[PDB]
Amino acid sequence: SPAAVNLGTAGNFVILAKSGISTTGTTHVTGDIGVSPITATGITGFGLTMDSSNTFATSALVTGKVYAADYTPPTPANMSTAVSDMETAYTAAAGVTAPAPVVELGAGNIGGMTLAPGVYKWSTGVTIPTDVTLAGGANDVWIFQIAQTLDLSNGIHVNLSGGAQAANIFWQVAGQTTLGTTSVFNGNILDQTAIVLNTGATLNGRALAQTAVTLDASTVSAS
């Protein structure tokens, strides 16, 4: 098994973004969310209410807390550190060289495959047009290194089997990750750009984007 990627304090968020978090429709998030260095005007659709400390906000849509760069200390500093830790984790995940990888598997199409724990690397994008299964134990790790986009097709699932846990799966994606309508994704998405959830998509994991995260009637949870 690979060693788990260190998310640092970005591991305290189920959605972390640099340029925005937007929602429409019947969304349900469990966990904390935040943006930095942008202000909370970049968090749209959530009907935010500040705590009296102004260190966080709450939303009916979020079982947890909402943070932004323009909140009261120590939130700005904490958010800058979470974003730095995300950027550090992205670069580390992209840089893992042991165990030695499986490279260009399926020419990027992992549909129908069962993948053991390991490091998987592509020069292409990755597409999941039929279910993929990640099969392994409670503490087994997967690290996916994707030089282009990641796409989960409508209605498709990233299945976990054998004790595999979403928390121990890491998707490093240089292009956009797009989760199709009514899809179900497992793992942490370290995106250089955007993470997009189309209508009804479910993410079990974390959406850690260096641009934006968009939700459409989506469920996001790390628990």
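Note that residue numbering follows the sequence shown and begins at 1.
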key: Residue of maximum C-alpha B factor among 38, 33, 184, 195, per deposited coordinates   = 38
query = Taking the values straight from the PDB record, which of 172, 63, 177, 154 has the highest C-alpha temperature factor?
reply = 63
message = How does the C-alpha B factor of residue 148 compare with the rest of the chain: lowest, middle or highest third?
response = highest
ask   = residue 85: which third of its chain by C-alpha temperature factor?
value = middle
request  = Would you mind ranking residue 110 by its C-alpha B-factor against the rest of the chain and naming the third, lowest, middle or highest?
outcome  = middle
Lowest, middle or highest third - CA B-factor, residue 69 = highest
ask   = Would the CA B-factor of residue 167 place it in the lowest, middle or highest third of its chain?
value = highest
